[PDB]
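**Q** Contents of upload_17.tsv (TSV, N, CA and C atoms) are given next:
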chain	number	residue	atom	x	y	z
H	1	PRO	N	-10.29	-3.72	13.56
H	1	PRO	CA	-10.33	-4.50	12.35
H	1	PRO	C	-9.21	-5.51	12.41
H	2	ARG	N	-9.05	-6.31	11.38
H	2	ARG	CA	-8.02	-7.32	11.37
H	2	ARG	C	-7.06	-7.07	10.23
H	3	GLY	N	-6.05	-7.89	10.13
H	3	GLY	CA	-5.10	-7.74	9.09
H	3	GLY	C	-3.73	-8.14	9.53
H	4	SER	N	-2.81	-8.02	8.64
H	4	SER	CA	-1.44	-8.32	8.84
H	4	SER	C	-0.64	-7.05	8.42
H	5	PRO	N	0.72	-7.00	8.53
H	5	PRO	CA	1.48	-5.76	8.21
H	5	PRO	C	1.60	-5.47	6.71
H	6	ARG	N	0.99	-6.29	5.92
H	6	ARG	CA	1.04	-6.13	4.46
H	6	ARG	C	-0.28	-5.62	3.93
H	7	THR	N	-1.30	-5.84	4.70
H	7	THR	CA	-2.67	-5.60	4.35
H	7	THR	C	-2.95	-4.22	3.74
H	8	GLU	N	-2.48	-3.14	4.36
H	8	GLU	CA	-2.78	-1.79	3.87
H	8	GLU	C	-2.23	-1.57	2.48
H	9	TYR	N	-1.04	-2.06	2.26
H	9	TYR	CA	-0.36	-1.92	1.03
H	9	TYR	C	-1.03	-2.79	-0.04
H	10	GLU	N	-1.21	-4.03	0.31
H	10	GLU	CA	-1.80	-5.03	-0.54
H	10	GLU	C	-3.23	-4.65	-0.94
H	11	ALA	N	-4.05	-4.31	0.04
H	11	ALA	CA	-5.43	-3.94	-0.18
H	11	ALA	C	-5.53	-2.68	-1.01
H	12	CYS	N	-4.53	-1.81	-0.89
H	12	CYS	CA	-4.48	-0.58	-1.66
H	12	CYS	C	-4.32	-0.92	-3.14
H	13	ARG	N	-3.42	-1.86	-3.43
H	13	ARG	CA	-3.16	-2.27	-4.80
H	13	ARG	C	-4.39	-2.95	-5.37
H	14	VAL	N	-5.02	-3.79	-4.57
H	14	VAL	CA	-6.25	-4.48	-4.97
H	14	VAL	C	-7.38	-3.46	-5.22
H	15	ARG	N	-7.54	-2.51	-4.30
H	15	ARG	CA	-8.57	-1.47	-4.38
H	15	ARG	C	-8.45	-0.74	-5.70
H	16	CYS	N	-7.27	-0.24	-5.96
H	16	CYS	CA	-7.02	0.52	-7.16
H	16	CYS	C	-6.96	-0.36	-8.41
H	17	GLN	N	-6.83	-1.65	-8.24
H	17	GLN	CA	-6.81	-2.53	-9.38
H	17	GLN	C	-8.22	-2.72	-9.89
H	18	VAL	N	-9.15	-2.81	-8.96
H	18	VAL	CA	-10.55	-2.99	-9.30
H	18	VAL	C	-11.20	-1.64	-9.63
H	19	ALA	N	-11.06	-0.70	-8.72
H	19	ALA	CA	-11.73	0.58	-8.82
H	19	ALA	C	-11.10	1.53	-9.83
H	20	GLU	N	-9.78	1.56	-9.91
H	20	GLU	CA	-9.12	2.49	-10.82
H	20	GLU	C	-8.85	1.83	-12.17
H	21	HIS	N	-8.04	0.77	-12.14
H	21	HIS	CA	-7.59	0.05	-13.33
H	21	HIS	C	-6.91	1.00	-14.34
H	22	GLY	N	-5.64	1.22	-14.12
H	22	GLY	CA	-4.88	2.08	-14.97
H	22	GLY	C	-3.51	2.27	-14.42
H	23	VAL	N	-2.53	2.44	-15.28
H	23	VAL	CA	-1.13	2.53	-14.88
H	23	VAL	C	-0.87	3.76	-14.02
H	24	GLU	N	-1.34	4.90	-14.47
H	24	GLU	CA	-1.09	6.16	-13.81
H	24	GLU	C	-1.72	6.15	-12.42
H	25	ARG	N	-2.93	5.64	-12.36
H	25	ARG	CA	-3.65	5.55	-11.11
H	25	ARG	C	-3.05	4.50	-10.19
H	26	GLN	N	-2.51	3.44	-10.78
H	26	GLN	CA	-1.83	2.40	-10.04
H	26	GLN	C	-0.57	2.96	-9.41
H	27	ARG	N	0.17	3.77	-10.18
H	27	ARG	CA	1.37	4.45	-9.70
H	27	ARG	C	1.04	5.31	-8.50
H	28	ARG	N	-0.04	6.08	-8.63
H	28	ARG	CA	-0.52	6.98	-7.59
H	28	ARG	C	-0.78	6.24	-6.28
H	29	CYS	N	-1.61	5.20	-6.36
H	29	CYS	CA	-1.97	4.40	-5.21
H	29	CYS	C	-0.75	3.71	-4.63
H	30	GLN	N	0.08	3.15	-5.50
H	30	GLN	CA	1.27	2.45	-5.08
H	30	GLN	C	2.20	3.40	-4.35
H	31	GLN	N	2.45	4.56	-4.95
H	31	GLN	CA	3.38	5.54	-4.40
H	31	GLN	C	3.01	5.96	-2.98
H	32	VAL	N	1.74	6.14	-2.71
H	32	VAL	CA	1.34	6.54	-1.38
H	32	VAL	C	1.31	5.34	-0.42
H	33	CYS	N	0.74	4.24	-0.86
H	33	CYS	CA	0.57	3.08	0.00
H	33	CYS	C	1.88	2.33	0.26
H	34	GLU	N	2.77	2.35	-0.71
H	34	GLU	CA	4.08	1.73	-0.56
H	34	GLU	C	4.89	2.54	0.43
H	35	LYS	N	4.75	3.86	0.35
H	35	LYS	CA	5.45	4.74	1.25
H	35	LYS	C	4.87	4.59	2.65
H	36	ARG	N	3.53	4.55	2.75
H	36	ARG	CA	2.83	4.32	4.02
H	36	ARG	C	3.31	3.04	4.67
H	37	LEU	N	3.42	2.00	3.86
H	37	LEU	CA	3.88	0.69	4.29
H	37	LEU	C	5.31	0.79	4.80
H	38	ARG	N	6.19	1.29	3.95
H	38	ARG	CA	7.61	1.36	4.23
H	38	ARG	C	7.91	2.26	5.43
H	39	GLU	N	7.21	3.38	5.55
H	39	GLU	CA	7.43	4.28	6.66
H	39	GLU	C	6.89	3.69	7.95
H	40	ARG	N	5.79	2.95	7.86
H	40	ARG	CA	5.20	2.32	9.03
H	40	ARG	C	6.06	1.18	9.51
H	41	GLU	N	6.38	0.27	8.61
H	41	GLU	CA	7.20	-0.87	8.95
H	41	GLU	C	8.61	-0.43	9.30
H	42	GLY	N	9.07	0.65	8.70
H	42	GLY	CA	10.38	1.18	9.02
H	42	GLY	C	10.41	1.80	10.40
H	43	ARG	N	9.25	2.25	10.83
H	43	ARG	CA	9.06	2.85	12.15
H	43	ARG	C	8.77	1.75	13.17
H	44	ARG	N	8.65	0.55	12.68
H	44	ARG	CA	8.42	-0.60	13.51
H	44	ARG	C	9.68	-1.45	13.58
H	45	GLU	N	9.63	-2.47	14.37
H	45	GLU	CA	10.73	-3.36	14.53
H	45	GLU	C	10.29	-4.75	14.10
H	46	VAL	N	10.86	-5.23	13.03
H	46	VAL	CA	10.47	-6.51	12.47
H	46	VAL	C	11.29	-7.63	13.11
H	47	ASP	N	10.68	-8.77	13.30
H	47	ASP	CA	11.36	-9.91	13.88
H	47	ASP	C	11.90	-10.79	12.78
Show how you would write the structure in this file as structure tokens.

**A**
Amino acid sequence: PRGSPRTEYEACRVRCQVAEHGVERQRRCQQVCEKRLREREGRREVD
């Protein structure tokens, strides 16, 4: 597939914005996807 290093996080927020639409659910999606993002990028080396 394609994408950039923001895509998983970004698409997660978009997904849950359309499909979930709610603060609690937004927190849930954000908490996992933000951590996924941060742990992945943290495990990577940014230029």

**Q** Grab the atom C of residue 2 in chain H to atom N of residue 47 in chain H distance for me, in Å with one decimal place.

**A** 18.1 Å

**Q** Show me as a list in words the residues that reach within 12 Å of (-0.1, -7.1, 12.7), counting only C-alpha atoms and using the file's own coordinates.

**A**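 Output of the proximity query reads residues 1, 2, 3, 4, 5, 6, 7, 8, 40, 41, 44, 45, 46 and 47 of chain H.
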
**Q** What does the distance from CA of residue 43 in chain H to CA of residue 13 in chain H come to in Å, to one decimal?

**A**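 Separating CA of residue 43 in chain H from CA of residue 13 in chain H is a distance of 21.5 Å.
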
**Q** Got a sec to tell me which of chain H DSSP assigns to helix (DSSP H, G or I), as a VMD selection string?

**A** chain H and resid 7 to 18 23 to 42

**Q** Calculate how many Å separate CA of residue 36 in chain H from atom C of residue 21 in chain H, rounding to one decimal.

**A**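 Computing the Euclidean distance for CA of residue 36 in chain H and atom C of residue 21 in chain H yields 21.0 Å.
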
**Q** Any idea what's packed within 8 Å of residue 32 in chain H, counting only N, CA and C atoms, ignoring anything in its chain fewer than 6 positions away? Could you give it as a PDB file with N, CA and C atoms, in the frame of the given file?

**A**
ATOM      1  N   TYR H   9      -1.040  -2.060   2.260  1.00  0.00           N
ATOM      2  CA  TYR H   9      -0.360  -1.920   1.030  1.00  0.00           C
ATOM      3  C   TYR H   9      -1.030  -2.790  -0.040  1.00  0.00           C
ATOM      4  N   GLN H  26      -2.510   3.440 -10.780  1.00  0.00           N
ATOM      5  CA  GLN H  26      -1.830   2.400 -10.040  1.00  0.00           C
ATOM      6  C   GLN H  26      -0.570   2.960  -9.410  1.00  0.00           C
ATOM      7  N   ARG H  38       6.190   1.290   3.950  1.00  0.00           N
ATOM      8  CA  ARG H  38       7.610   1.360   4.230  1.00  0.00           C
ATOM      9  C   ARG H  38       7.910   2.260   5.430  1.00  0.00           C
TER      10      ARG H  38
END
